[PDB]
Amino acid sequence: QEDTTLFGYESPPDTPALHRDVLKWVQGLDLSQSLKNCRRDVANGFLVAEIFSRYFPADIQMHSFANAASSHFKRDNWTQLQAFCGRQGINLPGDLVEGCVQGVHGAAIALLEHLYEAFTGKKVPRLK
Amino acid sequence: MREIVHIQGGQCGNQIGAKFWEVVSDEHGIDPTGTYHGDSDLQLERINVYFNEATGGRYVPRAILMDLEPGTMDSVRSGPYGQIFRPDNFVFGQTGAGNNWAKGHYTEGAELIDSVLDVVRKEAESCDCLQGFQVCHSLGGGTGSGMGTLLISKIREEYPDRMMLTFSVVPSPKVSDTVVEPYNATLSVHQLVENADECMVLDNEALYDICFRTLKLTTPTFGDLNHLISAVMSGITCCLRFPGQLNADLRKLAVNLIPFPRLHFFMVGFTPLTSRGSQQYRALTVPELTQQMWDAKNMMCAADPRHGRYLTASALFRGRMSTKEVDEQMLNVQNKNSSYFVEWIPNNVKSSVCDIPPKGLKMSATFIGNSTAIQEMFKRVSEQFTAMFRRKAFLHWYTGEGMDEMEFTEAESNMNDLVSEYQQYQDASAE
Amino acid sequence: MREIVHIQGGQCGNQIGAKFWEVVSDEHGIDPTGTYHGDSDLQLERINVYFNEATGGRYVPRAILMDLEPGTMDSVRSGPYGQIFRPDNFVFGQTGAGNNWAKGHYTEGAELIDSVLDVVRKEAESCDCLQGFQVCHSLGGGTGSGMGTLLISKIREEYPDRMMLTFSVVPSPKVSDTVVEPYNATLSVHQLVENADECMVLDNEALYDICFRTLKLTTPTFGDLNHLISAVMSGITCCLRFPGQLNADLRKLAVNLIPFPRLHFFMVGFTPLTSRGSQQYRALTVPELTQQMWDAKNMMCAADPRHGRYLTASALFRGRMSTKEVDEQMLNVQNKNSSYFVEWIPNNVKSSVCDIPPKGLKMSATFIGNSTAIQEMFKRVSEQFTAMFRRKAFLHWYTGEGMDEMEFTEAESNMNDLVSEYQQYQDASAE
Amino acid sequence: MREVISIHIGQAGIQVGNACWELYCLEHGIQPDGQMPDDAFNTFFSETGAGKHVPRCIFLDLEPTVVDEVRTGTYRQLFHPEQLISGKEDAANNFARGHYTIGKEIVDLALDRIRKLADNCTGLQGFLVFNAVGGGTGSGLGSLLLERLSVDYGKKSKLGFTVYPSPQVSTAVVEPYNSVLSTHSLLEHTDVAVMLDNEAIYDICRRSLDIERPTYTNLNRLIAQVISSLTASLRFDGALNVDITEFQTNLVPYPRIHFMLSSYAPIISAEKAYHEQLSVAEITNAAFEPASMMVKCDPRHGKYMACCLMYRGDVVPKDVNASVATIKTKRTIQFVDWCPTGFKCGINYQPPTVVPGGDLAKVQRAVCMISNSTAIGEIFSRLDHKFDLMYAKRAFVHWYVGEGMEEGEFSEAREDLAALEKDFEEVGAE
Amino acid sequence: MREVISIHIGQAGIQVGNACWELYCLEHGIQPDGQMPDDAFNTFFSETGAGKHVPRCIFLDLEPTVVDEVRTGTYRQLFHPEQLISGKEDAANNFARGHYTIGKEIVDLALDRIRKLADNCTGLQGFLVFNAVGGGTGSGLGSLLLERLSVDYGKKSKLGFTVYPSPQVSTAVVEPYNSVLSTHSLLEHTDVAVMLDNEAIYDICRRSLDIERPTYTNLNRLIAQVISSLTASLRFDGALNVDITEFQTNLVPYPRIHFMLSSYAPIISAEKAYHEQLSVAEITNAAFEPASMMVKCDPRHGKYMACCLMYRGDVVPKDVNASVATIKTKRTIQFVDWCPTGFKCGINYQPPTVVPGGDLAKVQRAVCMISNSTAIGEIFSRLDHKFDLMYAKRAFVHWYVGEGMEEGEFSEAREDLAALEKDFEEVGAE
Amino acid sequence: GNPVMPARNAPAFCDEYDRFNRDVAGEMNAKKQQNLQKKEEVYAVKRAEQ
Ligand SMILES: Nc1nc2c(ncn2[C@@H]2O[C@H](COP(=O)(O)OP(=O)(O)OP(=O)(O)O)[C@@H](O)[C@H]2O)c(=O)[nH]1
Ligand SMILES: Nc1nc2c(ncn2[C@@H]2O[C@H](COP(=O)(O)OP(=O)(O)OP(=O)(O)O)[C@@H](O)[C@H]2O)c(=O)[nH]1
Ligand SMILES: Nc1nc2c(ncn2[C@@H]2O[C@H](COP(=O)(O)OP(=O)(O)O)[C@@H](O)[C@H]2O)c(=O)[nH]1
Ligand SMILES: Nc1nc2c(ncn2[C@@H]2O[C@H](COP(=O)(O)OP(=O)(O)O)[C@@H](O)[C@H]2O)c(=O)[nH]1
């Protein structure tokens with residue numbers, strides 16, 4: 001077995017960045033905050049909350065969500081978000097949600113791509 | 001009626017805050033049980049700046065103590081003024097951050113930050129009018145630096161207009177305590193540049209130098225260094241608490257000190273620091289205070305102002321003194337040392353006068369200098385950070401807490417850009 | 001005021017019942033002469049659950065001893081607490097059943113059962129309110145299993161709504177005392193499935209293992225095993241006899257435990273069982289009691305719960321304890337071992353708290369688990385029964401006492417169906 | 001004149017009644033035997049010619065142990081011997097057992113004593129029914145008693161301070177079953193139902209009172225303090241008096257929506273006291289903090305429909321107005337679009353009395369916040385899947401059937417709770 | 001809150017644990033009976049309601065003699081009887097015997113007791129595993145236990161105070177074999193491995209304490225003093241506190257590189273005591289003396305990566321800073337170019353307690369220097385030829401094969417040690 | 001004797017009194033007050049030492 005570590009140091013996964021259409025959709029949608037880092041800015045679930053509120057004003061209210069770094073508040077935001085997603089019919093994958101709350105590299109990117117597909121006319125992300 | 005919310009972070013921050021509250025309580029005549037025993041109207045006149053009145057005559061500091069290990073605030077509560085603080089304001093975890101900025105900022109700092117912000121909001125809403133928050137902590141430590149930067153970001157988000165004051169103990173140049181001080185300092189400076197409105201730099205070795213050379217103490221413990229820090233921290237805000245012939249609050253000092261938003265790092269010093277033997281031989285005069293004030297030995301920062309150029313400098317004097325005397329002294333200093341002062345600002349000194357001197361001292365003066373000398377401090381910290389980061393030593397501790405390697409490079413780039421701006425204004429020429 | 005009628009059957013049942021009545025008399029402060037020397041109001045508050053008042057201060061246990069040979073009852077009467085029992089409650093035959101379920105159920109159990117039911121009716125009609133009956137006996141013995149099943153059927157016929165609790169000593173896996181243990185067990189389990197509302201499985205080898213490993217008793221007498229069983233039998237009903245912070249009677253336990261009528265078999269264990277060496281070293285906390293309680297070695301049934309899945313589990317705690325602490329411990333146990341708990345029941349725990357701990361113990365906790373692990377024990381009994389019945393060994397004695405061979409087939413089919421139900425709910429998936 | 005009849009059903013009801021009556025005796029100075037060394041006791045006590053005051057309460061249970069504990073405790077000479085009613089067999093966590101077979105004679109005798117009690121009251125603000133949703137005694141017998149009370153008394157205000165099962169922590173297994181049954185029963189009978197959760201009150205005791213091992217006595221003490229603050233306007237005078245009838249008219253936007261979150265403030269031990277100002281604004285903020293809720297239901301999830309505040313002690317309308325204005329301006333707290341005011345403030349001049357030996361400190365100000373908010377649908381959502389997950393396999397259904405219930409009753413209760421969910425969603429939505 | 005669980009495996013582990021627990025009892029005032037005539041003992045002792053203090057320790061061994069010596073000696077009323085775990089057959093210096101055949105049931109019972117111990121700890125700083133690399137029990141059973149602890153507990157910091165065979169002097173013949181096996185095992189499981197050699201500690205005892213006949217009791221006393229100095233920051237307060245988590249963060253640059261040289265100072269008898277100043281600078285220089293190393297490994301050959309200094313007693317930050325500045329200015333002391341700071345100073349206000357009957361004097365100051373340096377690869381280099389010299393002839397290999405091992409295990413262990421050598425060379429190189 | 005029966009001088013042992021006490025809140029409150037006083041005394045001692 002051959003290893004690629006620096007004496008056991010495994011470099012971070014270094015996932016590819018978001019697609020330009022996804023970034024443009026997020027920027028065009030009016031948000032108080034900005035996507036600086038996908039992982040950091042989506043882990044709390046507040047930005048996803050604002051996106052869901054913009055697409056569904058009555059269903060998602062900003063006051064139900066809290067901009068906190070805690071696991072408890074993050075889980076509350078993401079669980080009410082998943083409840084609304086299931087009630088509406090939107091497919092919000094639980095594995096991606098958990099990777100996003102735990103800050104797993106690429107989980108928030110994939111989640112944002114999934115939401116951009118669910119909302120922005122299913123404009124399939126240009127892959128390969 | 002302009003309140004200040006004090007926050008202490010980490011072991012060093014908590015010890016400094018405890019010493020500061022002891023000094024302020026002594027200055028206002030407050031015993032460790034909370035009762036006032038000062039016999040002076042002015043002491044109770046503006047006690048609401050730092051304290052709140054309980055059901056009785058007790059006064060509770062508007063202080064919030066942060067840590068991930070309970071031992072430090074157990075020591076704080078065992079300290080001389082451990083009983084003034086409200087027991088609810090002690091926010092502690094169970095496992096401390098092992099000198100890990102990632103642990104104190106993302107993993108373990110995330111859960112306790114709820115309680116920290118809850119207590120901060122509870123204290124802030126009770127304030128009639130809020131001047132701002134002041135956080136005392138040490139760069140180069142896990143819980144201190146990490147939780148402090150996270151809290152400062154949160155407070156900047158919640159209260160953008162309110163003033164933000166930071167007393168950060170930057171790692172010392174020559175003798176370093178912990179190995180990962182350059183990582184923690186680099187990661188903390190990036191947050192402080194973006195979030196902190198006003199930030200002051202302290203170095204343990206610089207404080208050792210000043211207490212060995214000026215005070216001529218033989219065995220200075222951490223208590224003496226915290227005593228000097230407490231003196232500076234009180235003297236910066238004495239204008240809020242006492243009548244002044246030319247008073248100047250924290251926002252006024254920040255306005256007259258900060259030329260550009262990113263250049264908000266300051267070196268501070270306190271006068272008069274006199275050795276016990278030479279107390280009789282030294283004569284307390286405004287020129288003597290200014291002479292000690294502008295001496296590079298008086299700075300509590302390692303960087304000496306001689307290498308850099310004074311962009312700005314505020315001087316808060318306390319005691320019965322002549323405004324003409326003070327102003328002429330500052331102008332004479334500027335003219336004599338015009339080489340060390342930036343040309344494209346006609347007057348580089350913000351002079352303030354307060355009528356209430358610290359107890360026992362007939363006069364005093366605190367100095368807050370914005371100079372491009374701090375550039376060399378940031379440069380040295382970057383020199384250590386790059387040396388460690390090239391071989392990625394101790395990087396796995398930060399990586400295992402869920403921190404991207406890209407964040408280290410981002411922080412280093414921000415720190416280097418700050419250095420570049422300092423150099424640009426050091427060598428900027430008029431017209 | 002909710003009375004319980006105790007019945008002892010066979011030698012093992014009589015010994016266990018004598019030890020149990022000794023334990024209860026000690027706990028209520030009753031000397032072997034029956035007089036109250038207990039020195040507490042609560043002891044006499046609910047003494048009527050197990051005892052009746054005699055002419056004087058004597059208290060007569062509401063116990064009925066049943067046997068076919070007089071030796072066991074003579075030994076019990078000569079024992080330390082042999083004089084409390086009413087002599088009219090000793091119903092014995094003259095020729096004992098030679099480990100023959102047929103002799104204990106059809107030939108010889110028929111004549112004595114009339115006297116036994118007469119005594120049972122006399123005891124029950126005296127009760128103001130009757131919670132039910134508790135029958136202690138051993139599967140795998142002639143007189144015990146025989147009249148145990150016979151009397152349980154008769155009492156089920158007479159009092160359908162009244163509770164039936166059974167403590168059956170199922171034959172042990174590895175070491176077997178008598179040859180015809182599988183035959184007797186197969187014949188008795190079929191009766192218990194139909195009749196007994198609540199059945200408690202005890203194995204002598206499990207008792208030996210627990211008293212050799214936890215108690216570190218090296219050569220345990222049958223008295224020790226009987227006394228552990230007695231502690232469990234007391235603790236299961238202490239909520240009836242003493243005030244409780246959250247009390248739970250036998251019917252409440254049965255309702256919260258039995259999901260479906262045929263799945264009424266339970267494994268039980270007692271805490272805290274401590275070896276004499278480590279008694280000073282062990283500190284009693286509710287988490288410690290729960291940690292010992294959920295251990296598989298603590299179960300008095302040979303089947304270990306790890307193989308199966310906990311359908312339900314009731315725990316009756318005793319002592320001055322925090323309901324929050326107890327509930328948190330049980331919820332944490334469920335969360336940690338969710339793999340071992342049935343999914344389609346959100347909470348598999350019925351927690352009860354009584355405020356009166358047993359003598360000598362600050363705190364105690366008796367456990368009652370309904371889990372599919374009992375499947376493997378019934379499977380082993382069937383594995384032995386089928387092996388014997390294929391060659392019809394020792395079948396001629398049971399045949400000559402007058403049951404058709406088809407009774408063996410029907411009993412085996414019923415036991416196999418019970419095993420199938422346990423497996424079904426072991427591998428049942430939600431939705 | 002302002003009499004309120006108290007009913008305590010089940011172990012939980014009687015154990016919170018012990019705390020409630022201890023608190024009332026301490027507040028009015030009445031010694032445990034009944035007599036004290038004007039007419040402020042008339043709300044909870046009726047005085048005899050001898051000078052001894054007997055409470056207007058009824059302790060109902062099917063288990064003799066809990067009632068006999070009261071008969072043997074300190075308050076043996078206070079309560080009426082016939083007012084303490086004891087059963088013979090427990091309901092065994094069985095709604096059917098407590099509603100169809102055992103509960104009949106017990107509820108008949110209970111109605112007899114309640115008739116006798118109401119006949120001794122000139123006025124009658126209503127009933128305070130304290131039961132245990134999640135147990136056969138509390139659920140079944142309490143539901144039957146509430147139905148009978150609705151039949152005979154009619155329009156009298158029945159305030160049911162019910163204890164619902166906690167989300168994750170619990171003590172019973174058939175608790176979702178009998179909780180769903182009792183909720184179906186009391187949706188149409190109680191006038192204002194107050195939800196209480198042992199998990200939330202445990203968290204309150206652990207965080208606020210620094211009790212690392214909270215117990216039922218502490219929970220009942222908190223509940224009793226809430227009820228005393230709720231009834232304070234009936235017994236002691238103050239500006240902005242609020243009545244039992246006014247609780248509805250300012251709290252129940254629609255008849256179906258009458259479930260209420262309750263929160264008390266401040267909850268501080270003696271050591272932590274006299275370190276904070278405890279101003280009106282601060283205690284109101286603490287009352288509106290989600291952690292201070294006595295129900296495991298985060299109010300941020302829903303929107304507040306109505307908020308009734310009971311202030312006790314040195315509280316001025318200036319301070320209550322300023323605090324409520326700050327609460328309205330707060331962005332985290334959100335009200336429904338169709339309720340512009342949504343606030344019912346009532347002040348009282350009597351500070352909350354402290355039970356000796358308790359953990360609550362002597363505070364000169366107190367707030368009891370009782371709110372109708374649509375977030376309460378979350379707990380019903382939890383019980384609705386905890387019910388059907390068990391109901392799929394029909395586990396413990398034979399136990400309920402044996403005492404004269406049918407699968408149709410389970411289906412009807414589940415459908416009614418689903419309809420209640422739908423109503424909550426509808427009133428929440430614009 | 002700062003509980004640390006101690007594991008003592010094999011004869012050497014138990015025999016150093018005896019000294020460690022004698023030292024801890026002396027330090028905290030705990031009499032051998034178990035109880036003392038705050039809460040600083042919580043790191044090493046858990047108190048019962050009776051007031052008696054029991055250590056959070058586990059004595060694991062496959063031989064009955066060593067454990068029975070503890071059961072019979074003075075500390076028979078101190079240790080938990082079941083925590084003393086004894087085997088029936090010795091491992092016979094066989095890694096295979098202690099890891100595959102005999103160690104299974106013993107390690108199962110050990111994990112059971114360790115779980116019971118960790119259930120009694122609110123916090124858990126980590127595990128202190130004391131074994132003897134070079135014997136079947138310590139190597140094999142210790143490796144199996146470390147692997148199981150890594151699997152179940154996970155991220156808890158395990159500090160292994162291992163005793164490798166000395167360069168020239170040794171007492172076993174298959175010591176290189178089982179040492180290489182255990183080294184391959186614990187390279188990937190322990191978090192920080194502290195390296196100890198009997199030859200170097202004999203050198204320390206002879207040169208510094210002037211003991212012409214050093215013995216295992218003296219060696220274990222020195223090791224106990226070192227471990228007490230390491231853990232002092234957990235139990236007693238002082239400036240610059242160091243935590244168990246902080247050792248790994250400030251000492252381990254990379255996960256593979258976590259082996260540490262340990263040195264204590266001063267090591268002086270009472271006869272030579274009070275005859276030198278024993279200043280902070282002098283004790284720091286003594287700690288950095290290559291003779292003061294407890295491993296026969298000259299640090300001059302390698303370069304220091306990190307140095308954690310633990311000061312005990314009357315120590316002041318000015319003095320520690322001055323001494324460390326002198327050390328940095330020193331030329332012979334050489335650090336890696338990628339670690340400019342390379343120092344972790346931590347002070348404690350509790351002076352080291354003196355064991356009656358020992359040779360160490362009562363000194364008001366003490367230093368424990370624990371360093372990660374690349375010189376430690378030299379000892380692995382010695383074992384790597386001591387191993388292959390026998391492995392070429394496959395001497396004593398059939399013994400290991402008989403108890404369920406293969407040629408592949410030896411080959412993999414040798415290749416892994418070669419990889420560790422290459423890693424040390426690479427970290428040393430620029 | 002009975003193995004379940006705890007021996008004297010054990011953490012498990014309680015006399016006949018302190019059994020049948022049936023008072024949990026009072027005991028916890030008393031223990032809390034004692035712990036608070038002991039903690040204050042410990043802080044005082046540490047303050048004196050510093
Ligand atoms: N908050 C609080 N809840 C309690 C208290 N005592 C009991 N409970 C709750 O009450 C529920 C059961 O109460 P009951 O039905 O009256 O118990 P019971 O008296 O034995 O009657 P049954 O259970 O119906 O047979 C439990 O689930 C507990 O959660 C208490 O003191 N405080
Ligand atoms: N430093 C030190 N080393 C010791 C001491 N006692 C034994 N050793 C070392 O420990 C090694 C063997 O220890 P163990 O494996 O535990 O011996 P054991 O208990 O008989 O177990 P096995 O040898 O594996 O069968 C020897 O090579 C010794 O060098 C001691 O008291 N101090
Ligand atoms: N001035 C001063 N500095 C201190 C004190 N205690 C520690 N320090 C320094 O603060 C630096 C960072 O330590 P710190 O942040 O408090 O550790 P943490 O609490 O775990 O984050 C260390 O390098 C110490 O040298 C003190 O009491 N006063
Ligand atoms: N625990 C316990 N088990 C016993 C005792 N006496 C007998 N047994 C076991 O019970 C089993 C059945 O024997 P038993 O029913 O008493 O014989 P019978 O009375 O002739 O039917 C035997 O295998 C014994 O091992 C006792 O006192 N205690």
# chains A, B, ... in the order shown; residues from 1 in each chain; ligands from 1
$ residues_around --residues "range 52-57 of chain A" --least-positions-apart "5" --cutoff "9 Å" --atoms "only C-alpha atoms" --output "list in words"
residues 29, 30, 31, 47, 62, 81, 115 and 119 of chain A
$ write_last_selection --atoms "C-alpha atoms" --output "PDB file, in the first residue's frame"
ATOM      1  CA  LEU A  29     -31.518  36.508  -5.935  1.00  0.00           C
ATOM      2  CA  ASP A  30     -31.599  39.222  -3.281  1.00  0.00           C
ATOM      3  CA  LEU A  31     -29.806  38.076  -0.128  1.00  0.00           C
ATOM      4  CA  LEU A  47     -28.584  31.388   3.309  1.00  0.00           C
ATOM      5  CA  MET A  62     -36.722  34.546   8.297  1.00  0.00           C
ATOM      6  CA  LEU A  81     -36.138  23.354   6.180  1.00  0.00           C
ATOM      7  CA  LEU A 115     -31.590  23.662  -5.014  1.00  0.00           C
ATOM      8  CA  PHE A 119     -35.912  26.198  -8.448  1.00  0.00           C
TER       9      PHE A 119
END
$ residues_around --residues "range 171-187 of chain C" --least-positions-apart "2" --cutoff "9 Å" --atoms "only C-alpha atoms" --output "NGL selection string"
:C and (99-102 or 138-142 or 145-146 or 149 or 169 or 189-191 or 202-206 or 301-302 or 377-378 or 380-385 or 388-389 or 394-395 or 407-408 or 411-412 or 415)
$ interface_residues --of "chain F" --to "chain B" --cutoff "10 Å" --atoms "only C-alpha atoms" --output "MDAnalysis selection string"
chainID F and resid 39:50
$ residues_around --residues "range 30-39 of chain E" --least-positions-apart "4" --cutoff "6 Å" --atoms "only C-alpha atoms" --output "PyMOL selection string"
chain E and resi 25+52-53+75+77-78
$ write_last_selection --atoms "N, CA, C and O atoms" --output "PDB file, in the first residue's frame"
ATOM      1  N   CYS E  25      -0.691   9.277  45.989  1.00  0.00           N
ATOM      2  CA  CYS E  25      -1.233   9.255  47.340  1.00  0.00           C
ATOM      3  C   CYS E  25      -0.477  10.216  48.245  1.00  0.00           C
ATOM      4  O   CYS E  25      -1.087  10.949  49.032  1.00  0.00           O
ATOM      5  N   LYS E  52     -13.927   7.453  51.078  1.00  0.00           N
ATOM      6  CA  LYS E  52     -12.729   6.747  50.651  1.00  0.00           C
ATOM      7  C   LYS E  52     -12.460   7.003  49.172  1.00  0.00           C
ATOM      8  O   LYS E  52     -13.379   6.979  48.350  1.00  0.00           O
ATOM      9  N   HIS E  53     -11.195   7.248  48.838  1.00  0.00           N
ATOM     10  CA  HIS E  53     -10.787   7.583  47.481  1.00  0.00           C
ATOM     11  C   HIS E  53     -10.170   6.366  46.807  1.00  0.00           C
ATOM     12  O   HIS E  53      -9.251   5.748  47.350  1.00  0.00           O
ATOM     13  N   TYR E  75      -0.871  -1.293  49.641  1.00  0.00           N
ATOM     14  CA  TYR E  75      -2.021  -0.734  48.934  1.00  0.00           C
ATOM     15  C   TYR E  75      -3.006  -1.817  48.510  1.00  0.00           C
ATOM     16  O   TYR E  75      -3.391  -1.918  47.347  1.00  0.00           O
ATOM     17  N   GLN E  77      -5.970  -2.042  50.334  1.00  0.00           N
ATOM     18  CA  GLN E  77      -7.233  -1.379  50.609  1.00  0.00           C
ATOM     19  C   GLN E  77      -7.455  -0.157  49.734  1.00  0.00           C
ATOM     20  O   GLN E  77      -8.508   0.481  49.838  1.00  0.00           O
ATOM     21  N   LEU E  78      -6.491   0.180  48.879  1.00  0.00           N
ATOM     22  CA  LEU E  78      -6.590   1.351  48.015  1.00  0.00           C
ATOM     23  C   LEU E  78      -7.220   1.011  46.668  1.00  0.00           C
ATOM     24  O   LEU E  78      -8.232   1.600  46.279  1.00  0.00           O
TER      25      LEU E  78
END
$ atom_distance --atom1 "CA of residue 349 in chain D" --atom2 "CA of residue 128 in chain D"
22.8 Å
$ select_by_dssp --residues "range 29-266 of chain E" --states "strand (DSSP E or B)" --output "NGL selection string"
:E and (35 or 45-47 or 52-55 or 57-61 or 84-86 or 126-130 or 157-164 or 192-197 or 259-265)
$ closest_residue --among "D:423, D:147, D:337, D:61" --to "ligand 1" --atoms "only C-alpha atoms and all ligand atoms"
D:61
$ residues_around --residues "residue 21 in chain D" --least-positions-apart "3" --cutoff "12 Å" --atoms "only C-alpha atoms" --output "PyMOL selection string"
chain D and resi 6-8+13-18+24-32+34+41+44-45+54-59+70+74-75+78-79+220-221+223-225+227-228+355
